[PDB]
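Engineer: Take this structure, written in structure tokens, and hold onto it; I'll ask about it next.
Chains as they are written, first to last, in my numbering: chain A, 929 to 1201; chain B, 16 to 294; chain C, 4 to 275; chain D, 603 to 884; chain E, 17 to 294; chain F, 1024 to 1294.
And the structure:
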């Protein structure tokens, strides 16, 4: 039972910190006690070394070819990105239970093509999960990225997005309307965070909600808590795809609760220091 | 005294801890709910002449509900076993012995299960010259023929004055729209009022005059939902809006009147739950 | 550097007399928040008008010349009975007003409403255009003309504020949030929507904002509108040369403006 | 002595336009008339009125040698279908239990299989007659949709599960599932209990599926697609009757029909349809 | 009422003192539509050299109006015989014509940077006024990331009202599935009509109302483009082009679609037969 | 040098007794088309065994030593009377081409040898397979479907009829099953469609030949023609396997045509 996460690790330059939404999920899952493979695109520079030791000291196995970048991608704080996203297209691990992607990795050439291939490869074995995590401050035109998000929605079992992500995707529609249009395209679960208004999620059986409980990584800790509780309910792996789609409102409500409490806990432990 | 008529299923819930048997059916709970708030109510149902049947009849009589003649012709009293399996027939006489009622309430399984759902549809049409028509779809999970179920619910929407549904009901009716979109599309088809319960977020209702809202309160969600429906009909009854002769005044209900009808329904539901949880 | 408000001022007469009019209340609200404001409405040379005129003056609001040439001061008698004409000069004696606000009966009642639409297009070169539908259907008129006039004002507006009740009446088949998002996509920078004791939401290109509740019915909304316009003024987002900055308002900045608007309304109620 | 029973609508087709006319119609009525014309004894349970159109339909039925089942003439007015834009003035209701001896074959389809309240009684009659009779079904969705634009697929699938022989058109099965080639739908129908699912492909001929395998017949070189399909159905049922495969008695032999016997049934169905058309030619 | 075709115009050099011919899939559709009596504008990328002047004259003789900004290429594109390309595709993304009834693109113009980004923009600019038609016509020999190619085809499929493809195009798009299934799947992304040519087996097409087919014609280069011109010309005549008719185009009946395939198959066959003469 | 190997049943068809068995027919077909072929069969020493042995020799095929070990030569008449057994290791030099199918791929015991034998010969030979479904040989159909699927995974060329694939999976159209079979390793899957002609699937795209204006001798002779023409094109042997996988639609079309005409020509030349 191993999980594969594909996406960007980077340095958040405000003082410097280790980040990347796909990395936060990898380390969130690991810290909750899952076996996680994290194939990223970092450098062999000081920043790349700090990332690799942050990944190492967290229990996430860094997949080979993840350290081939010219320079380690950075985000300087309304962010400014100096980043390339490119990955080896060869399936690097034995078929996982779960393959998760999103953020810059899902939408940025040339890695976004490899990512979508690898998703197409591992789908017969793995639950596919994906989070929009729209970082619009990136240097890339809006149409290709909206279209690539819509194509990853069509290939996904589990989706998490923010009201902010879905407002960017389509400002003309309430985020619930967009999430419901996403559920109708194939996913078992579309989870939607609503900030100070809580979270909602949608499956065939009905809507689930958790009431209201603004800091970096809260969304990725939510996703990690969601995939971790769905793992624990025995609904991950392609073997269990039919049972994921059939998840009850009660089970969905529980998962949401856990994901929301896991996100709050991560924020409250960070604000304690 | 003006009388209410409820048309729908009465059954035994068999709960498979300490296996137990409870009297249920949403339309039965609404009849029983209206009777306990002091209304005169007939129930037209379909139960057998065995133990379960005689218990439903005793529980009905005990609460002040009159069982309509022709209700006791089933081979076997319906049951639902909680994997929620059902052993149910729904059939009713095309022409029941009932004098024109002030209000007709139907829905649940009675509204969508063959062959009785055809006669339920025809009776709502015949009783609307005298009666306010109310409808609670209350989709019981399992329930087959999704599309046929949706077509039959839509035809009852077009013949109803008052509708109450849950967020879950309307998600099942149309998963691509927020429940409020479906409730407002229902209002546009002829109802005076469409009320929508939202669990721990309270309830909303729509009328021509505008939207109404009530916040949530502090145990079965459908048991609570049936007491909400009885409270809503009892309060509109008290406001003097029931009967074909009051249909134009019901359609013209104010946001304020509607808001009070919703608060009363909410308080009535919560009180039914709080009194039952204390035993 | 002044605000203009175009629309009705009336006396509210209860069942069995108060100075009212939704635009008047926004003008007074802006004045009482310390903004220079002109109001160009229609009030009689009679008893009612003088009380309106002195209420206006007492607030710090300059009445616009050509407004007091009214056959009878318009009246609202509580349901509501309207004894009212709405007429304005094709061209008012006032300079581009940094902001021009209209709505309510003025935007839909003839013959006055035809000038209003023309004036909003002409004032757009120097002023931010704000609009509050504040629907009052008691004063009857072809319902589909009312809706056509409102939609044309929406197209010429930078800031819209509306109630769930207003957008229910505009289109009872959609939730109010859907109507508000459709309005936003027709030109405005900001559509604000009040939802009673469910608080308020607002929409802008950057995203949605909200404030929760509890922090007069018509009077309240008018003071919300004044407080919204006052905060956007203070943020430096009003005037034609600030239009692109208004369209790009941040969710944080729009959340601040909603909070000030909600508190301004609540504080106006509480003080009276 | 063995008799066939057809349960379905009989109606008047009204053509509104240049040089207007009224024709006897109804897919199930055509099948009954087609079987009677091939020499079979056939009863037709339908719903017509005792008006001018009803008598005309009744006369047409008796001239073809079809026996009208008692209770078929209680309609308030004979159903009609008008092509101006398709408009239907039709009611479909039948006695829950008709006065008919156990037939060898019971055929239904079209509007009668999907229009309430009559369709409920039709589904119950198929379940009760299957102990003695072979059940045949022709979805014939085109007119059903023209009538009920909101028609649901669940009505058709329930009849699939009760049927031994199904004939449908590519157009029928496209409507049932537009995401799949009609052959995929026909094979899914076959796996639900039928002995035979026949699929007409217009000017590409016809295919059929049974447990033993697929059969096909090429297109005829050569109008009236709704009138040719009914003759095809009549010829398929008549030839299976001839091969001794009808009656609950031979249900296991009908399921075990070989590709060769199925191919021959299809050729006879296709030629019967072609010949029926060619004869209308003059 | 004007069509606008956007695509590559190039010279087909034969393998062998060989000969050169004016070619390009979109060029052929524009010329084909012009020859059937329709007013067509063609936005392309050619040079001011000898091959560029040959294409321009050919366009001019065919009745097609060349669109301003089509002759800014460094050198006229070339395809030589499997084919070898010396091609550049770049076009202004600024709408150069009054909104047309119909905007058609396909082949290399769809899948090749930078001009493919412009093609997507112009289809987005004109869709409110124009029918969008598209012919995948895959030319894999033109060295490209095949996943980027597939993605850029899908993004045109999502924009299109009318698609025509070969069995061989859909095979390359998705080897695992019968072309009939890729076509049915394409109809599900928005199109009104997905027509599929099956060579010696005839052609089929898919709309909301059902499938249509036409048998094998009793009879090589450009037969596909002539089929497309013939399909668009009959849909034009049936009154189904223009965004104002987009709802009626989706509601097209099997009978009307069948007619359009028949005219398309005969138009293709007549273009071959006339070429087998000369 | 280059020799073909066919592994499977040779039997007696009794209506009047005839030499038959589908693998025997492919071996005979190949020999009659001028190819050198070894047949590894399971025949008896009796009046029918020596009838089969005589037919095999008079056509130019060579028996594979240890074939005539059967107590009784197997029989058709269908009500099957036969056993299927082979030596784990045939006395055979590495062939260019190994072909099996029919009862030999599914009937125990040797049906267990056949699958390992194909994996061993794959290093030098192209592997071909014709399921030629025949259920009247009663046996557990799910292990039959399992054995067929394992052979599919180790084959380079597969030929099947619509009837064969219908029995494999009746819920799918035969082209769907054939395209699914091609994804498990094969370079070519050929599918005969009775009087609708034949199609074949490879990586480069589909081929078709229309119907020809008849025993299951015809199917076998189609398979012999297909193998014979892929031999001539230079695509048989392990060292040509990548060129076989990359066969063009044009070349596959030509192979389909030669195979359809070979089949057509075999039936007509008999009647």
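Don't be surprised by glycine CBs; every beta carbon is placed ideally from N, CA and C.
#1: Count Cβ pairs between the region 839–854 of chain D and the region 25–40 of chain E that sit closer than 8 Å; are there 3 or more?
#2: Quick one: does residue 160 of chain C have its CB under 9 Å from some CB of chain A?
#3: Note down, in chain order, all residues in the region 751–764 of chain D with a beta-carbon under 8 Å from any beta-carbon belonging to chain B.
#4: Hey, out of A:1074, A:1025 and A:1107, whose CA is closest to residue 1164 of chain A's CA?
#5: Does residue 109 of chain E come within less than 9 Å of chain A when only Cβ atoms are used?
#6: Along chain A, in chain order, which residues have C-beta atoms closer than 8 Å to that of residue 180 of chain C?
#7: Can you give the Cα-Cα distance for residue 112 of chain B and residue 57 of chain B, rounded to whole angstroms?
#8: Residues of chain A with CB under 8 Å from residue 136 of chain E, in chain order?
#9: I'd like to know whether the C-beta atoms of residue 769 of chain D and residue 793 of chain D end up nearer to each other than 9 Å.
#10: To the nearest angstrom, how far is it from the Cα of residue 183 of chain E to the Cα of residue 1192 of chain F?
#11: Within the 9 Å Cβ cut-off, does residue 1124 of chain A reach chain C?
#12: What did DSSP end up calling residue 142 of chain B once you bin it into helix, strand or coil?
#13: What residues from chain E crowd round residue 685 of chain D, counting only those whose CB sits closer than 8 Å?
#14: What separation, rounded to the nearest whole angstrom, lies between the Cα atoms of residue 1080 of chain F and residue 1160 of chain F?
#15: What are the boundary residues of the beta strand (DSSP E) that residue 264 of chain B is part of?
#16: Have a look at residue 1254 of chain F and residue 1291 of chain F and give me their C-alpha separation to the nearest angstrom.
#17: So which of D:789, D:720 and D:807 has the shortest CA-CA distance to residue 814 of chain D?
#18: If we define contact as Cβ-Cβ less than 9 Å, is residue 190 of chain B a contact residue for chain C?
#19: Counting contacts by CB-CB distance shorter than 9 Å, is residue 1096 of chain A in contact with chain C?
#20: List the whole-angstrom C-beta distance separating residue 215 of chain E from residue 176 of chain E, where the pair is believed to meet the contact cut-off of C-beta under 8 Å.
#21: What residues of chain D sit near residue 270 of chain E, judged by a beta carbon separation below 8 Å?
#22: What does the alpha-carbon distance come out to for the pair residue 629 of chain D and residue 74 of chain E?
#23: Would you say residue 1111 of chain A lies against chain I (beta-carbon separation less than 9 Å)?
#24: What is the DSSP secondary structure of residue 991 of chain A, counted as helix, strand or coil?
#25: Between residue 720 of chain D and residue 91 of chain B, what straight-line distance do the alpha-carbon atoms span, to the nearest angstrom?
#26: Can you tell me whether residue 156 of chain B is helix, strand or coil according to DSSP?
#27: In this structure, what does DSSP give as the bridge partners for residue 1092 of chain F?
#28: Looking at C-alpha atoms only, which residue of B:221, B:216, B:79 and B:239 is the closest neighbour of residue 19 of chain B?
#29: Could you tell me which residues DSSP puts in a beta bridge with residue 204 of chain B?
#30: Could you list which residues in chain C have their beta carbon closer than 8 Å to that of residue 199 of chain B, in chain order?
#31: According to DSSP, what are the bridge partners of residue 930 of chain A?
#32: What are the uninterrupted segments assigned as beta strand (DSSP E) that are 3 or more residues long and contained completely in the region 222–286 of chain E, given in chain order?
#33: Which residue from B:278, B:47 and B:194 puts its Cα closest to that of residue 59 of chain B?
#34: Along the region 1228–1241 of chain F, what residues have a CB closer than 8 Å to any CB found in chain E?
#35: So, does the region 126–134 of chain C touch the region 260–270 of chain C, judging by three or more C-beta pairs under 8 Å?
#36: I need the DSSP call for residue 61 of chain B, collapsed to helix, strand or coil.
Structural biologist: Taking the geometry as given:
#1: no
#2: For this step, residue 160 of chain C is matched to residue 157 along the third chain. No - not a single Cβ of chain A is within 9 Å of the one on residue 160 of chain C.
#3: 752, 754, 755, 756 and 757
#4: Against the first chain, residue 1164 of chain A aligns to sequence position 236. That would be A:1025, whose Cα lies nearest to the Cα of residue 1164 of chain A.
#5: Residue mapping note: residue 109 of chain E aligns to position 93 of the fifth chain, counting from 1. With 9 Å as the cut-off, residue 109 of chain E does not count as an interface residue toward chain A.
#6: Numbered from its first residue, the third chain carries residue 180 of chain C at position 177. Within chain A, the residues near residue 180 of chain C are 1102.
#7: Translated into positions along the second chain, residue 112 of chain B becomes position 97. Translated into positions along the second chain, residue 57 of chain B becomes position 42. Cα-Cα distance, rounded: 11 Å.
#8: What you label residue 136 of chain E is simply residue 120 of the fifth chain in a count that begins at 1. By Cβ distance, chain A contributes 1071.
#9: Numbered from 1 along the fourth chain, position 167 holds the residue referred to as residue 769 of chain D. Numbered from 1 along the fourth chain, position 191 holds the residue referred to as residue 793 of chain D. Contact: no.
#10: One-based indexing of the fifth chain puts residue 183 of chain E at position 167. One-based indexing of the sixth chain puts residue 1192 of chain F at position 169. Cα to Cα, residue 183 of chain E sits roughly 25 Å from residue 1192 of chain F.
#11: Here the question's residue 1124 of chain A lines up with position 196 in the first chain. Closer than 9 Å to some Cβ of chain C, the Cβ of residue 1124 of chain A qualifies, so yes.
#12: Position 127 of the second chain, counted from the start, is the residue given in the question as residue 142 of chain B. In the structure shown, residue 142 of chain B sits in a helix (DSSP, three-state: H, G or I).
#13: Residue numbering aside, residue 685 of chain D sits at position 83 when the fourth chain is read from its first letter. What residue 685 of chain D touches in chain E: nothing, since even the nearest Cβ is about 14 Å away.
#14: In the sixth chain, counting from the first residue as 1, residue 1080 of chain F sits at position 57. In the sixth chain, counting from the first residue as 1, residue 1160 of chain F sits at position 137. Cα to Cα, residue 1080 of chain F sits roughly 28 Å from residue 1160 of chain F.
#15: Sequence index remark: in the second chain, residue 264 of chain B carries index 249 (1-based). No beta strand (DSSP E) contains residue 264 of chain B, which is instead part of the alpha helix (DSSP H) from 262–266.
#16: Taking the sixth chain and counting its residues from 1, the one referred to as residue 1254 of chain F is at position 231. Taking the sixth chain and counting its residues from 1, the one referred to as residue 1291 of chain F is at position 268. Rounded to whole angstroms, residue 1254 of chain F to residue 1291 of chain F spans 24 Å at the Cα level.
#17: Here the question's residue 814 of chain D lines up with position 212 in the fourth chain. Nearest option by C-alpha distance: D:789.
#18: The residue you call residue 190 of chain B lines up with position 175 of the second chain. Not one chain C Cβ lies under 9 Å of residue 190 of chain B.
#19: Here residue 1096 of chain A refers to the residue found at position 168 of the first chain. Yes, its Cβ sits closer than 9 Å to a Cβ of chain C.
#20: Walking along the fifth chain from the start, residue 215 of chain E turns up at place 199. Walking along the fifth chain from the start, residue 176 of chain E turns up at place 160. Between residue 176 of chain E and residue 215 of chain E the Cβ distance is about 23 Å, and since that is not below 8 Å, they are no contact.
#21: What you label residue 270 of chain E is simply residue 254 of the fifth chain in a count that begins at 1. Per Cβ cutoff of 8 Å: 773.
#22: In the fourth chain, counting from the first residue as 1, residue 629 of chain D sits at position 27. In the fifth chain, counting from the first residue as 1, residue 74 of chain E sits at position 58. Looking at the two C-alpha atoms, the distance is approximately 57 Å.
#23: The question asks about chain I, but that chain is absent: this structure's protein chains are A, B, C, D, E and F.
#24: The count along the first chain starts at 1 and reaches residue 991 of chain A at position 63. If DSSP states are grouped into helix, strand and coil, residue 991 of chain A belongs with coil.
#25: Counted from its first residue, the fourth chain places residue 720 of chain D at position 118. Counted from its first residue, the second chain places residue 91 of chain B at position 76. Their Cα atoms are separated by approximately 26 Å.
#26: By one-based count along the second chain, residue 156 of chain B stands at place 141. Correct three-state label for residue 156 of chain B: coil.
#27: Translated into positions along the sixth chain, residue 1092 of chain F becomes position 69. DSSP lists no partner for residue 1092 of chain F.
#28: Within the second chain, residue 19 of chain B is the residue found at index 4, counting from 1. Comparing Cα positions, the closest option is B:79.
#29: As a first step, residue 204 of chain B is located in the second chain; it is residue number 189 there, counting from the start. Partner(s): none; residue 204 of chain B has no beta bridge.
#30: If you number the second chain from 1, residue 199 of chain B lands on position 184. Neighbours of residue 199 of chain B on chain C, chain order: 175, 176, 177 and 178.
#31: In the first chain, the residue the question calls residue 930 of chain A occupies position 2. The partner list for residue 930 of chain A (beta bridge, DSSP) reads A:963.
#32: 226–230
#33: Stepping through the second chain from its first residue, residue 59 of chain B is reached at position 44. Checked all of B:278, B:47 and B:194; the closest Cα to residue 59 of chain B is B:47.
#34: 1228, 1229, 1231 and 1233
#35: no
#36: Translated into positions along the second chain, residue 61 of chain B becomes position 46. DSSP places residue 61 of chain B in coil when its eight states are reduced to three.
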